[PDB]
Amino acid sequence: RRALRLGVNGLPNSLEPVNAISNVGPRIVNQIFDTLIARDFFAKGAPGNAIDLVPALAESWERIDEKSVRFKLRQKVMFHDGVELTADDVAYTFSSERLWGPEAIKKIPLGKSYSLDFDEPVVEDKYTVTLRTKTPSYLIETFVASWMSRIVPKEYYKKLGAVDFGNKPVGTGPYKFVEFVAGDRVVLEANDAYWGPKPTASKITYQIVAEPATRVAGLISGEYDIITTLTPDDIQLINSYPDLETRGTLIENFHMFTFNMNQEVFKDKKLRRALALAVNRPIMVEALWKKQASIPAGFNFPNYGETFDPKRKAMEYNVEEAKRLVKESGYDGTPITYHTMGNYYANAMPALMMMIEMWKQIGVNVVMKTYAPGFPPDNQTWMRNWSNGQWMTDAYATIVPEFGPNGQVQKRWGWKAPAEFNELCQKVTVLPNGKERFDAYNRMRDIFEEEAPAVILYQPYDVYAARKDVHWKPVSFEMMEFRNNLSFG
């Protein structure tokens, strides 16, 4: 079998499933682990954007009450170390001790915030586990299909510990772990004891090539089979090669810039909203994205389904109001730092370059500050770029896990969110779908735009480039799927 060589924008600091949640982690962890329920992006001939939930580690599942889902596990499934997967492994993945409990903050810092109001799971037998919540939650199934729900082995994980497990992971996935050289590569080999769609590559190498130019030149050479995180400006050149092509898709993610509200200059919404109101997103989509990116109407995405508002007005663009807000704010004229990790996010640097000029024309002076892969101290950062993968078929993620009263934007970044925002966050968690929940999400979307804790830029069009003899198609998520989606020749 052929060894797959990948040229990537970055690598996660840990291969622990939850700690790996990023634009760079899922493409690796999806090969090491499996979930109970899997999303089949290619269901009913869809171009890698289907929302259909299929059985994976769980052969079948059933909803008992408004707060619990039972899982009937697939039998004789093995972890890479040779240990058999049981209800105890699933119970440990969703346990207080490891994920959502107070003691889990040392293992997985974002576990509690990204999790549902979980209760300790119920093991019924070797292949039967009930996942439950303390309060009603109709979000169990979507969470179970997410990047939060990759099954870890209890015994091996407990022996090693979260930090050590992240450097030497063991899962049930189609690709076992081989080696991890920080700031260099991640090597995975074919797991031929795999239960499902069998591995087609003998090995997979995730090689970091931080500079997109070096990455393209690498594919042309040809050092790599598939390269990630390109810009639609790379389409013309790559496609002009007979053996090469680009493969792109709009991903269920949004690029953004956020503030450190612990800093005196960003304590008031005045300057934050002024920066948001000066952002001309349509020219950014023309200049940098060549029409390929999508501008959402606020914290609203179609993957929310019943909680998506298609009648929602576009985010306000008002240069004159922005000027007024800068003047009303306490902003003196002191340069404000904007932190970026080169081009970890596609078009990160050209986007900031454009925005610095937009902000200059409103009275704000913004300065670029770059940081090497792996982040500066919180107190040393003012403005910074970020992204949020909308990991649920509901509006809960990411407005609640990231911007909620138990989330990192308020607790770590110091956003003094209005009481009304936090109250609605509690309702949407517990309530079923209806007018109350729909309007609750809409008022939160209105509060988010008024407060400006973060400024949504656009939905990036993910651009990959591969060798034509490598048959792989992208999915509408910040991950790569190779299950029934990888062949050579």
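In this text, residue numbers run from 1 along the sequence as written. The term rigid core refers to the most C-alpha atoms you can superpose between the two forms while keeping them within 1.5 Å.
Choosing between 345-353 and 216-224, the greater Cα displacement from the shown form in 8 other deposited structures of this protein, fitted by the core, goes with 345-353. A fit on the rigid core, followed by a root mean square over CA positions in 8 other deposited structures of this protein, ranks 328-336 against 247-255 and picks 328-336 as the more shifted one. Coordinates are lacking for 1 to 3 deposited residues between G374 and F375. In this crystal structure, the stretch out of 332-340 and 148-156 whose C-alpha atoms carry the higher mean B factor is 332-340. Higher mean CA temperature factor between 222-230 and 384-392: 222-230, per the PDB entry. You'll see in the entry that, of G173, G248, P302, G183, the Cα B factor peaks at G183.
Listed residues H255, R281, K323, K291 were ranked by CA B-factor as deposited; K323 comes out on top. Annotation for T142: C-alpha temperature factor in the lowest third relative to the rest of the modelled chain, per the entry.
When the modelled residues of the chain are ordered by their C-alpha B factor, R1 lands in the highest third.
The PDB entry assigns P199 a C-alpha temperature factor belonging to the highest third of its chain's modelled residues. Among the modelled residues of its chain, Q31 has a C-alpha B-factor that falls in the lowest third according to the deposited record. In the PDB entry, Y464 places in the lowest third of its chain by CA B-factor.
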